[PDB]
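Take a look at the structure set out below.
Spelled out as structure tokens, the structure:
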């Protein structure tokens, strides 16, 4: 956000000292449309209203790539990125581009099926792996039609190779769906506008859909939105009656955290300190973004205790008694039954546009109280 | 345009609120902030016209 | 006249203020006819005032279009009979759009679309009178749905308003956002 | 910015084009001759458009397909004009009436007549080229039986006094053409 000179009040706290804010001088000719991001955080990509492409490195702060509009097709319905962030994909309505950034070359171009002008949604899925020496990808292509494409895309430095594999054709138009890759296995969630929550899952060659059990007590509800943590492979599920936190694979409903009714297209979750001790996937703290349904104030409920007060036995890796002997510093921390999680209120004006941190630890955001001309 | 922007924060770990002013003289940007997306656990990027705000704390990025 | 110059000035400022109120409030012909009579016989702002009338009032386009084309058939007669034209691209695009909008409102939209398709839209600059803004805005809106069957104009014209505003928002930032969004669905076409 | 080879190509083309317009008046004309012209005209010049406007008028079934290029060249001559216009009265009138003619040949009638009735016919100066004449002749022809009906505000009278002063320069041929123009004056006075 350029200005002839930005300024902020001089800090009196180390709490604000490390707190910082910087521009990237590089820019689109015109205002932003939509963007996507690598899990590595090192990579970033962006597109404007002029639909120029730009990609940039976060830590090394050096230019990576730029593309003017006239280098590009008139239609650009969609965009997608590999989890590594080492490569880029774009969906013009008739044909997709696949380009490297770290090694700018035309890795591939390929025509693909479409049913305009139904809204797109898209998901990358890493293969048996071997980067950089050899690679593969599984291109999910979710559609408002409820069709869900999936494609093979083995790729090597020699030049990207491509072949189609399957066409899911799910019932009914869809609200939402998302990829969820457990380190053990690929899984993919699929909410319906019907409110059905199917999940395809990759048992290697097997690609099995399964009917997750939203249970009888509130089946009728229009959903707000499901959201989960794919690294946790855990399914949170919005309802005004109380969100689900359903288990995957072996699959079960667990518990429903007590909540105020919440606006649609708002729900999301974040957690501090990823780790995978003793097969368990505990985290230090959990937090909960959503706009409110009525008051429409931004809301971020917190749970967990910490810094040493608690450890989160979210789920259990095996819902069974266990006695494996390796060091468990968390055992020194107090066990958390759902009862003591105790949400921490902090209702705030909608006018302050803001987001919860991905670890959920911190709030951040801004708004313009006022602005004026050069005069 | 000159712009009296309002930075602020509220830590959950500290249960604590603070804020900062953010002047923007002669900005050509007109748009409201968003869509937003955290660029890390400690840092976030946000749309502001064609330009993108980047903010962080304790970040190695700075 | 040396006077009619100053009368043309006041009618100028009185029109630039009347066009910006046409976005927040519902405005009525009585305010325009005040500007027209306040103006002089054959001045500069007398032509722009009639354009405003042709744009801001669809219920009065046929009678209005006549008054515009008569004031232009008049400006021309007293140019040769007393002879080279002085038009810039922004005022070309201004008359261009204002006609197509006036002809969509007259049912010939079977033609008015194909005319709107070939409009050369200026770039981003400081020069942008509120007359040309109101026309470019109300023409973008009146052609945001019909034009999809080229489609470049809606997106280019919406970008002109978004990046070619120059006046304070007033239930208009939501309207400019509506322009950008309609342009987005145009991108989504 | 034109070399020295294409300037002569344009002069040669402009004389052949003028020749084809006046020849089209007392002989039967075709496009086969215009293809040779436009190709002979250098690739980005005023003579292109004059060759096109002649093709628009002289070939009426090809109106739809020759109007395409007339707009293409003008939208392209505008394209580089920024990446200020200065048009002449007779240039406006020529394009004005030539579009009116092209629209009637399409099936607009109403739209064709109203544009025709708002044509601003130039007074009577030296700006008389066989193209401007050929257009005004054929446009007077295809419109005199339509705009002559409603009576009140028309240019039919002004248009015919233009073609009067048109025919009469260096053609020096061939009496019967002048006799035909006399038949035109007879057509106007008897109207």
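Chains as they are written, first to last, in this note's numbering: chain D, 19 to 393; chain H, 335 to 396; chain B, 26 to 214; chain Y, 828 to 1018. No residue lacks a Cβ here, since even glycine has one placed at the ideal position from N, Cα and C.
According to DSSP, is residue i helix, strand or coil?
i: residue 329(D); result: coil
i: residue 118(D); result: strand
i: residue 134(B); result: helix
i: residue 337(H); result: strand
i: residue 300(D); result: coil
i: residue 129(B); result: helix
i: residue 83(B); result: helix
i: residue 60(D); result: coil
i: residue 89(D); result: helix
i: residue 849(Y); result: helix
i: residue 307(D); result: strand
i: residue 144(D); result: strand
i: residue 344(H); result: strand
i: residue 911(Y); result: coil
i: residue 123(B); result: helix
i: residue 62(B); result: helix
What are the boundary residues of the alpha helix (DSSP H) that includes residue i?
i: residue 157(B); result: 155-168
i: residue 203(B); result: 198-212
i: residue 129(D); result: Note, residue 129(D): premise wrong, no alpha helix (DSSP H); beta strand (DSSP E) at 126-129.
i: residue 81(D); result: Run containing residue 81(D): none in the alpha helix (DSSP H); it sits in the beta strand (DSSP E), 81-85.
i: residue 107(D); result: It is not in any alpha helix (DSSP H) - residue 107(D) instead sits in the beta strand (DSSP E) that spans 105-109.
Rounded to the nearest angstrom, what separates residue i and residue j at their Cα positions?
i: residue 182(B); j: residue 81(B); result: 18 Å
i: residue 39(B); j: residue 93(B); result: 19 Å
i: residue 330(D); j: residue 281(D); result: 27 Å
i: residue 230(D); j: residue 217(D); result: 7 Å
i: residue 300(D); j: residue 124(D); result: 42 Å
i: residue 945(Y); j: residue 97(B); result: 10 Å
i: residue 309(D); j: residue 283(D); result: 8 Å
i: residue 132(B); j: residue 965(Y); result: 30 Å
i: residue 93(D); j: residue 134(D); result: 11 Å
i: residue 286(D); j: residue 187(D); result: 27 Å
i: residue 995(Y); j: residue 1001(Y); result: 11 Å
i: residue 839(Y); j: residue 863(Y); result: 12 Å
i: residue 363(D); j: residue 254(D); result: 20 Å
i: residue 246(D); j: residue 134(B); result: 50 Å
i: residue 184(D); j: residue 168(D); result: 5 Å
i: residue 347(H); j: residue 384(D); result: 20 Å
Taking only beta-carbon atoms, is residue i less than 9 Å away from chain B?
i: residue 324(H); result: Chain H is shown from 335 up to 396; residue 324(H) falls before or after that span and cannot be answered.
i: residue 69(D); result: yes
i: residue 137(D); result: yes
i: residue 979(Y); result: no
i: residue 905(Y); result: yes
i: residue 49(D); result: yes
Taking CB distances under 9 Å as the criterion, tell me whether residue i reaches chain H.
i: residue 198(B); result: yes
i: residue 207(B); result: no
i: residue 55(B); result: no
i: residue 387(D); result: yes
i: residue 26(B); result: no
i: residue 360(D); result: no
i: residue 49(B); result: no
Beta strand (DSSP E) containing residue i: first to last residue?
i: residue 53(B); result: Counting along the chain, residue 53(B) falls outside any beta strand (DSSP E), and DSSP gives it neither H nor E.
i: residue 187(B); result: Here residue 187(B) belongs to no beta strand (DSSP E); instead the alpha helix (DSSP H) covers 177-187.
i: residue 186(D); result: 181-187
i: residue 156(D); result: 153-161
i: residue 75(D); result: 71-75
i: residue 353(H); result: 350-357
i: residue 349(D); result: Per DSSP, residue 349(D) belongs to no beta strand (DSSP E); it is in the alpha helix (DSSP H), 347-350.
i: residue 173(D); result: 165-173
Taking Cβ positions only, does residue i come closer than 9 Å to chain D?
i: residue 213(B); result: yes
i: residue 188(B); result: yes
i: residue 45(B); result: no
i: residue 184(B); result: yes
Is there a C-beta anywhere in chain Y that falls below 9 Å from the one on residue i?
i: residue 179(B); result: no
i: residue 98(B); result: yes
>> Using a Cβ-Cβ cutoff of 7 Å, what residues of the segment 216-245 of chain D are near chain E? List them in chain order.
In response: Within the model displayed, chain E is absent; protein chains D, H, B and Y are what it includes.
>> To test your reading of the DSSP string, which unbroken beta strand (DSSP E) runs of 3 or more residues are found completely within the segment 213-296 of chain D?
In response: 215-221, 224-229, 244-247, 252-255, 262-264 and 286-290
> Taking the runs of the alpha helix (DSSP H) that are 4 residues or longer, which of them lie wholly in the segment 28-54 of chain D?
Replying inline: 32-35
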